[PDB]
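Before any comments, here is the structure.
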Protein chains: 2
Amino acid sequence: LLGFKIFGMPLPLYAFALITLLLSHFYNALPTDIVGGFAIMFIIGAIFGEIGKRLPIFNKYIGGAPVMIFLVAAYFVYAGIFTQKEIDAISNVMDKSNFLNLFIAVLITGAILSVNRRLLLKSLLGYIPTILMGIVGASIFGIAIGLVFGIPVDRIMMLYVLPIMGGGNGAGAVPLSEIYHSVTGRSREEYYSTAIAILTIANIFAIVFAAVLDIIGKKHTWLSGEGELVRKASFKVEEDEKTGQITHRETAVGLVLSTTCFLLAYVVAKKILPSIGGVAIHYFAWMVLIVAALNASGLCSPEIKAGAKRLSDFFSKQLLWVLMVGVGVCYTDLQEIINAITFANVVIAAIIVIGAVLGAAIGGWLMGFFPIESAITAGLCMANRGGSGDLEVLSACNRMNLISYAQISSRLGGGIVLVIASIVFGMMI
Amino acid sequence: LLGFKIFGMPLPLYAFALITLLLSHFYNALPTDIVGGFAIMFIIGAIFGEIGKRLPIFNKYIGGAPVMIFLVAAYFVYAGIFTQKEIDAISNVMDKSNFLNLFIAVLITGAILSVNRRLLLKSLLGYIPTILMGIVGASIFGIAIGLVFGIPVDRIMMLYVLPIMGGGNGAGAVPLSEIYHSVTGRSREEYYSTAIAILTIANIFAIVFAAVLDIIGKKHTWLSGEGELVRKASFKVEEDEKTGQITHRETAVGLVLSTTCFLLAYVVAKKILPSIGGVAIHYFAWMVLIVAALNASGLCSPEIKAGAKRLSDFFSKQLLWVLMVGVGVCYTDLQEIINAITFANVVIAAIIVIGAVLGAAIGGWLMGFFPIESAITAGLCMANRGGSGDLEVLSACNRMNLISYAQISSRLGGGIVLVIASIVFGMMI
Ligand SMILES: CCCCCCCCCCCCCCCC(=O)O
């Protein structure tokens, strides 16, 4: 029994950590800074992510560690289990320090700089139209089902299709809320709450639908290329330039590039070029474009690109549970989440996910890719939160080697959905 | 010359980063959070640390990249070059988020957990008395030189001996200021300015005397030791446990252990056991004791200890320049620092460092260690700034394999000096 590992820690060591956390909670002593925040969040995320990953049905279909972690943390906040000091520490970690934007910037730059430049240019000609086709199909089916259920098309486009089809909470929920407030000038709280609820429902349906799509792909040998996206000789003409040995300095350079690209995007979106026309472009979209331009330019060495990828891997696979504890504490309210679990809303989300899958599959077939793997890669992983949950959709499916495609889908889809969301916000209100 | 590397980045890449920083500064747009803080501080630390390393005489003797960096950052703050937004972002990173405490916690846990358990338990029987002998010799020499210069014994002990023989800025300067305020009930800042100035002067003199000690060791062979500390058959019989494979999960476990140990120390020092006797113990000394006890207990696996060491290496070798930029911006004030350089202070610091060297050498010879190696490891690398002066001294000498001894000396001696400072503060007032 003692050989069981919790977050890579032997059971006695995690017992020591939990004793420390309980002592701090009961003595009401905690440094309201990043150290106290990490001390609480690492332990809580470890235990609850392990529980969520072990529980069978939750792990298989619901979403597992991140969903369980943030739901339980938000329930802890609601029930008053958390002390005001711990709540303040977590809110200082992810509000004053903005560790959320740090994490999102690291993930964006890792996902974009990871790919080889020639492969990126080869993809962007045919892969991007598949993303656009998935978006338009999801929008069409969302409008149809909204008309069926009587929800107005304006409300559908504002609340249902865009938050679902865009990125996760860190990118694609709070940026859309900010753009909504900046353009339409209504309160952010209710928009954010409903968007988060329907986004979580869409994540649930995305995992389940990827599972059933893997089943149907097993059933039908044709229209499914196991573990391969392209249908043209599986990209027979493919060469890798080179990659060397990666040291700690390369990872640090990746972090520096993360932060510098985010700063440049912030400056450009805030003061340099706030608006191309009547549309306002968000600094996350500018960051995606800037990192893509940096990758295409060739300034980055292969070692630097590998270091950025490895830093992104470290963040995504270690600090994700910490991020989820903080998200559960700061950006979730159980009462309104539950009040947004109506049968109408859940069926709307299911139909939108069907639309995204169908559009992505038909676009991939039209542009030369395998339709099922296209449907998981784009459409799915875009309806899914992205980052956390892109791994879950790939894990539910038998296909995991497409993780680079999944991350690039999440990031570029985020940029595009923010651009289109700004356009539609201006067009309607 | 475009292949020349600045902080591991080629010249065009750093040109892009510096263009980003200049655009941010001139447009006065910057996110006042950890992302903006790192965006400023990586760039500034990189350029100015490279300048400091390339500067020949400064690099070799006066100080390294850390010294050059925080001096330049302090000058930038003094001359008004830094924008108010940039100052706010850096102070948010260093004070509101309290990145300094996280850095110190990671350093302490790496330096103590990284040591093999059996080797640590065998070494402490003869290495701690060397540290104590060095401290007592430094105190005696400081008292003598203060009597020569007319400085009172209590003033000498409070302002020159303890701040020099303690750790660096993070541990041994601000903890000493806090203890001074809590015990004697006097102003923190007036103590801290003189403490940091004397600490910097002592660091310079310690590096110079380390070079002199290397020369004298080359001269006389029977004191040298040729880079080996122990003088008992050169470790004829020794066994080490295999470490296995190191992963990102072990690195994250090291981070968890660092943060949890810091939290436990904070709780113990604030609520559980604020005072073991009449003396009050600081939470940094408590953390040193807790991490030593955790190492002795054997709960941590060798993989986990290697991961803690790897985090210590990553932080110490990459985020040190960022931390130095933050220290220069926030905790450094050139006006009173320069006012604190004088003939009397310089002579007192030099005599204190010489006394520490003599005491450590005598203790090492009595306990069996090589005299020159013992005087470098304890006394030196303890009078320094705990995190950077040890690297600078070991680089000034030809010995670098004693980095583990230097690290454990810095951290454990910092804890011991904190306890001793509390005792003497209570004694005098
Ligand atoms: C807000 C605080 C940010 C702290 C960022 C810490 C980043 C640590 C990066 C470590 C990963 C790279 C080195 C791994 C080494 C190994 O796995 O052996």
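We number each residue from 1, going along the chain as drawn.
Placed from the backbone N, Cα and C atoms, the Cβ positions cover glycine too.
Swiss-Prot names A:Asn169, A:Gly170, A:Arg385, A:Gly387, A:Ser388 for binding citrate. Of A:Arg118, A:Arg188, A:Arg411, the residue it gives for the same site is A:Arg411.
Topology check against Swiss-Prot: A:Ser187 and A:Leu273 carry an identical topological domain name and occupy the same side of the membrane. Through the fold, the topological domain 'Periplasmic' (A:335-342) approaches residues 74, 78, 193-194, 196-198, 200-201 of its own chain, all at least 6 residues removed from its boundaries and within a Cβ separation under 8 Å.
Taking Cβ-Cβ distances under 8 Å and a sequence gap of 6 or more within the same chain, the neighbours of A:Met382 (Na(+) binding site) are A:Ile131, A:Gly134, A:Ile135, A:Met165, A:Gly166, A:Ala356, A:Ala360, A:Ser409, A:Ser410, A:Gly413, A:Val417. Straight-line distance linking the Cα atoms of A:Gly387 (citrate binding site) and A:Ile164 (Na(+) binding site), rounded to a whole number, equals 14 Å. Within 8 Å of the Cβ centroid of the Na(+) site, not counting the listed residues A:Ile164, A:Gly166, A:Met382, A:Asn384, the chain contributes A:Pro163, A:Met165, A:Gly167, A:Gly172, A:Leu199, A:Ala202, A:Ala206, A:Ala356, A:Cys381, A:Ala383, A:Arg385, A:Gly386, A:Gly413, A:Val417. Cβ neighbours within 10 Å of A:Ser388 (citrate binding site), excluding its own Cβ and spanning all shown chains: 25. On its own chain, A:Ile164 (Na(+) binding site) has A:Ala138, A:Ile198, A:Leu199, A:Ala202, A:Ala349, A:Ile352, A:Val353, A:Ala356, A:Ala383 as residues at least 6 apart in sequence with a Cβ closer than 8 Å to its own Cβ. Of the candidate ranges A:196-216, A:283-298, A:311-334, A:343-364, A:400-421, A:311-334 contributes the most Cβ pairs within a distance under 8 Å of the transmembrane segment (A:34-54). Within 10 Å of its Cβ, the residue among the binding-site residues A:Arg385, A:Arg411 with the fewest other Cβ atoms is A:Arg411. A:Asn384 (Na(+) binding site) falls within neither a helix nor a strand when secondary structure is assigned with DSSP, and so counts as coil.
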